[PDB]
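Down below is the structure, laid out as structure tokens.
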RNA sequence: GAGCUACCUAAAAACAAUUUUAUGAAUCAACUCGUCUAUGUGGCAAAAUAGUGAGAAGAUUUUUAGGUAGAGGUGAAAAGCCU
RNA sequence: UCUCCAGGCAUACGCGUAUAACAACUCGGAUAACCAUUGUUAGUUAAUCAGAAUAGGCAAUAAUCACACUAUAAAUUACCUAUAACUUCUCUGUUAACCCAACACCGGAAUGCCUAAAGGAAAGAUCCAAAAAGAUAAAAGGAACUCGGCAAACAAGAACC
RNA sequence: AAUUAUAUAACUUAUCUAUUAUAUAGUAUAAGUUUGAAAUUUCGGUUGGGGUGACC
Ligand SMILES: [Mg+2]
Ligand SMILES: [Mg+2]
Ligand SMILES: [Mg+2]
Ligand SMILES: [Mg+2]
Ligand SMILES: [Mg+2]
Ligand SMILES: [Mg+2]
Ligand SMILES: [Mg+2]
Ligand SMILES: [Mg+2]
Ligand SMILES: [Mg+2]
Ligand SMILES: [Mg+2]
Ligand SMILES: [Mg+2]
Ligand SMILES: [Mg+2]
Ligand SMILES: [Mg+2]
Ligand SMILES: [Mg+2]
Ligand SMILES: [Mg+2]
Ligand SMILES: [Mg+2]
Ligand SMILES: [Mg+2]
Ligand SMILES: [Mg+2]
Ligand SMILES: [Mg+2]
Ligand SMILES: [Mg+2]
Ligand SMILES: [Mg+2]
Ligand SMILES: [Mg+2]
Ligand SMILES: [Mg+2]
Ligand SMILES: [Mg+2]
Ligand SMILES: [Mg+2]
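Protein chains in written order, with the entry's author numbering: chain 2, 47 to 92; chain D, 62 to 276, 286 to 297; chain 5, 30 to 106; chain X, 2 to 243; chain 9, 14 to 135; chain Y, 169 to 240.
Dropping the structure here:
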């Protein structure tokens, strides 16, 4: 079949998988934010 | 995120909605293969402690009336709604139970043998040796755990002093105190073993996923040149 | 005697009290002053809270036996 | 660039600035000092010199303590300095065999112990070593009071010390009430450990607990500047009248 | 392919997602979904009578501006409280207990407008 | 009040009005005003990052004055 | 990292006409699939088009949200699938 | 106005101003016209469409026009007892030719209603060479073609391993 | 295949409790033994090329 369209957008799924609240739930996710803040990212999370 | 559906504290006769597992545990991983989908079902809270006196009543033999003998999706046997006093409770039905029958639930330990009528619950001491029994409990007050399937009846082989020997359906002999309560008779749906599934779809209606397609004596040193 | 309600689904028992409370004469140091939880200080014990007035949206009734119309004799309705 | 101070000095500099500076001087000494715990899991060298057998010459010897892991469960009991030894072994005890991870664990028992100064019985997780130490100390109360923090190695144990020291320091009449004679005997028996009331309060406090205590002590709501200016005006007016 | 940089608003997302634009609430939602507006929760604009008011938006360029002296607690205290205490002290009718006589408030509780924590908007 | 957030910074926290005390609110108790030890490395990296910027900033000003003095 | 895909949980949907019967039955749409040939081969397409075909009330198909994660998961075993 | 083609209108999800007017004619549309491009100004209006008090007691009897009818895979807050309150309309979604496939991609894309009253244009101009692709017709013969009836057919029937 | 293997399972001796006349029970641990879920590493040479052989 034709590939390349593995992305089926959904705002509920997106904010649940990669959102602010999700990232802070576990210590490893908090360190994801810490790295991005140190790097200077304009977007810490979705 | 797995929260067990078995969270209802209080007994009721209303059928309760069940959530299916799929063979997976609270971790989310398969722990048993071959379970999945099937028909949606409701759980009717069975009561296996036959001699449960009604609340605020004395502990002596009582009687109950059989309202209906019904099909149960969650077990091989069939269930009977029984009413006595102001209480209704589901119970397992014996081979010959019909609506309108009356069944005794006795606490008294008969010093002599008591005539056995199918469906009545008596302590093993009361019953005579050889009587077919079902819904046996290991210890007084525990509740019935053995001989609870369809048409499965065990025998009471022997009674000596304060204990008796029970022959479980597997032919494995078990021993229990004569105070334990055992229901008389067979367990109904005796032909369950005669049922024919017929088509692969029928097992997928009962929640049975198909089997997977994947298709030991170490010799001692003195006997390795002959292997 | 099968009891309905699997233990996992029951509300969990309160956490065991800090051992500093056992020792008599000793005043525990807790995070009450900070006004927030911290894992390395002792857990405060607060007295029951009274709003000082009745809020209709959060009314809570008295138990059955404390009701004015409570009667020991049973009425079948 | 470079930091001004080596990283190992950072903790000392932190204690020396801010609210940490205002903490009691005696309390800081306990924080500052580091003392090795009494050997538990290794045999110390009796002497400072030994004769090397291979070459038959005298060579210096030193004691290197084993690294021991103290699970947080230990801080709620009284282990007598014992802990977990996380290390490796050689299979079959030859260094030409494989190196295998090994963990040596203390044998833990639950025992109930009575404190005279507190007049209470505690149920504690304990090792056979801890019981031996109490026997050598001639009493449970003596064990807690004699043993130092490094040897004690338990936050529960250190809290017991503060209560006992505070009990003795204040001569609290809450001990065996209605029996001044019985109380008097207990306090007399442990008279050697009496210390001033102010010091005993800060015994066994962690740095965070100590800091919260200090913040509570000096916490004060501001003074309405109405009063402050009133005080100044009255003083000036009174002085002029003089 | 979702946009990570633009602001999350109620226009985005499914219908179930809703959130406010910063307008203050004026009522309560009871069970069965009934909105009950509270009259006290709705702000009231206190507008004065401007009839006979001599001040207009702009000022004469000929009007001299003044030297800036931002108000300080000392300046407020001296203008208002000093005259009374000084006169009273000479009269001798002064004590620490009666500071309320000169306008001091020991506590802000019970006042409609509390200076801390502020309980009124601009 | 002055509080430390979960990322290890010191931030002024502005209080909010609630009808119940803090120990009874469950939405307030989810907010954490402390940092776990895994933040310690990131605390040092911020200080070192800031020190580099300031050192560069001082160096540049010194170089600029050299240009001024040569020019004037 | 399970918005693809494998499997699962919960809550929902779709199936005309015709003949059999009382159905994992038949003919054949919608829908699902991808047998054979041709075109295409930097193409419309990093797997399509046009025809021809298989299933089409079921172990059917589809929608939404959740679960299982790499020493692992899933698997009607193709060492398939896990962007 | 004529000639011809035959999935259109809504909602969900998604997207995020591509909406509309004017002015521009550089960039973008695989070329022009014209704009989907650039700049400026505007826009989507809801009490019905759509989104967002406490404590006890208790439930046997599917659905399918639910009657008959059997069946098997066995299948959806209410009603009561007391307590408490004793007149309320704010907030948010609303545009478009749109989304996922690097593109104005012959692909992918759920549901309701309907099947032309809605929606559309296969040819920039010319020329009719070869080779190549597709459709239709075939004198006489009818598998002699070919690895093989592949492909096609005015055929689509019968049997056997 | 070689080297290991507090994966599970078992026993044995201590350690710690209960009891008992020495004794049978159990066991937040240590030391053995048995079982082996696993883990790590390797794939000498010469011989139209592949069986075996052989050879160094
Ligand atoms: Mg991609
Ligand atoms: Mg999808
Ligand atoms: Mg097989
Ligand atoms: Mg999914
Ligand atoms: Mg049909
Ligand atoms: Mg069919
Ligand atoms: Mg077909
Ligand atoms: Mg067919
Ligand atoms: Mg499959
Ligand atoms: Mg195979
Ligand atoms: Mg991939
Ligand atoms: Mg336009
Ligand atoms: Mg124009
Ligand atoms: Mg424009
Ligand atoms: Mg609505
Ligand atoms: Mg619209
Ligand atoms: Mg193109
Ligand atoms: Mg039209
Ligand atoms: Mg055209
Ligand atoms: Mg042409
Ligand atoms: Mg033709
Ligand atoms: Mg011809
Ligand atoms: Mg030929
Ligand atoms: Mg042939
Ligand atoms: Mg053909």
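A virtual CB, placed ideally from N, CA and C, is assigned to each residue, including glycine.
| request: Ignore the nearest five residues each way along the sequence and tell me which others in residue 91 (chain D)'s own chain have a CB closer than 7 Å to its CB. | output: 84 and 85
| said: Quick check on residue 112 (chain 9) - is its C-beta less than 8 Å from some C-beta in chain X? | reply: yes
| message | So the candidates are 89 (chain 2), 92 (chain 2), 82 (chain 2) and 87 (chain 2); which of them puts its Cα closest to the Cα of residue 210 (chain Y)? | response | 82 (chain 2)
| Members of the region 160-182 of chain X that neighbour chain Y once the beta carbon cut-off is set at 9 Å | none
| So with Cβ pairs under 8 Å, would you call residue 67 (chain D) a contact of chain 5? | yes
| field | Whole-number beta carbon distance between residue 160 (chain D) and residue 197 (chain D), since they are thought to touch under 8 Å | value | So it is not a contact: roughly 26 Å between Cβ atoms.
| What separation, rounded to the nearest whole angstrom, lies between the Cα atoms of residue 131 (chain X) and residue 20 (chain X)? | 37 Å
| If we cut at 8 Å on Cβ distances, does residue 82 (chain 5) have a partner in chain D? | no
| message | With a threshold of 8 Å between beta-carbons, can residue 186 (chain Y) be considered close to chain 5, or not? | response | no
| field | Residue range of the alpha helix (DSSP H) that includes residue 75 (chain 2) | value | 73-85
| query | Is the shortest distance between the beta-carbon of residue 72 (chain X) and the beta-carbons of chain Y less than 8 Å? | reply | no
| field | Contact residues within the region 211-237 of chain X, judged by C-beta distance below 7 Å to chain Y | value | none
| message | For the structure I just gave you, are there three or more beta carbon pairs, one from the region 239-254 of chain D and one from the region 207-217 of chain D, closer than 8 Å? | response | yes
| Are any of the Cβ atoms in chain Y nearer than 8 Å to that of residue 40 (chain 5)? | no
| request: At 8 Å on the CB atoms, spell out the chain 2 contacts of residue 174 (chain Y), in chain order. | output: 70 and 76
| beta strand (DSSP E) containing residue 184 (chain D): first to last residue? | 182-184
| query | Cβ of residue 196 (chain Y) less than 8 Å from any chain 2 Cβ? | reply | no
| message | Does the distance between the C-beta of residue 52 (chain 2) and the nearest non-hydrogen atom of ligand 1 fall short of 7 Å? | response | yes
| In the structure shown, what three-state DSSP assignment does residue 48 (chain 9) receive? | strand
| On the three-pair Cβ rule with 8 Å, is the region 160-173 of chain X touching the region 199-219 of chain X? | yes
| message | Taking 8 Å as the limit between beta carbons, can you name the residues of its chain near residue 100 (chain D), skipping five residues before and five after? | response | 134, 266, 267 and 268
| said: Checking 8 Å against the spacing of the C-beta atoms, do residue 138 (chain D) and residue 248 (chain D) come in under that value? | reply: yes
| query | In terms of DSSP beta bridges, what is residue 51 (chain X) paired with? | reply | 60 (chain X)
| query | Any chance the region 231-243 of chain X sits against the region 97-117 of chain 9, with 3 or more Cβ pairs inside 8 Å? | reply | yes
| message | Is residue 100 (chain 5) close to chain Y? Criterion is C-beta to C-beta, closer than 8 Å. | response | no
| message | Run through chain 5 and tell me which residues come within less than 9 Å of residue 206 (chain Y), C-beta to C-beta. | response | Ordered by position in chain 5, no residue passes the 9 Å Cβ test against residue 206 (chain Y), which lies about 13 Å from the chain.
| query | Given that residue 87 (chain 9) touches chain X, what residues does it touch there, using C-beta distances under 9 Å? | reply | 226 and 230
| task | Give me the Cα-Cα distance between residue 239 (chain D) and residue 192 (chain Y), rounded to the nearest whole angstrom. | result | 55 Å
| For a contact meaning CB atoms closer than 8 Å, what does residue 7 (chain X) contact in chain Y? | None at all; the shortest Cβ gap to chain Y is about 13 Å.
| request: Measure the beta-carbon distance from residue 79 (chain X) to residue 118 (chain X) and round it to whole angstroms, keeping in mind my assumption that it falls under 8 Å. | output: Wrong, their Cβ atoms sit about 16 Å apart, outside the cutoff.
| For residue 192 (chain D), the nearest candidate out of 107 (chain D), 294 (chain D), 112 (chain D) and 229 (chain D) (CA to CA) | 229 (chain D)
| request: Assign residue 32 (chain 5) to one of two classes, buried (16 or more other C-beta atoms within 10 Å of its C-beta) or exposed (fewer than that). | output: exposed
| request: For residue 279 (chain D), count neighbouring Cβ atoms within 10 angstroms of its own Cβ and tell me buried if that reaches 16, exposed if not. | output: Residue numbering in chain D breaks between 276 and 286, and residue 279 (chain D) falls inside that break, so it has no position here.
| task | Identify whether residue 125 (chain D) lies in helix, strand or coil by the three-state DSSP scheme. | result | strand
| query | Going straight from the alpha carbon of residue 168 (chain D) to that of residue 122 (chain D), what length do you get? | reply | 5 Å
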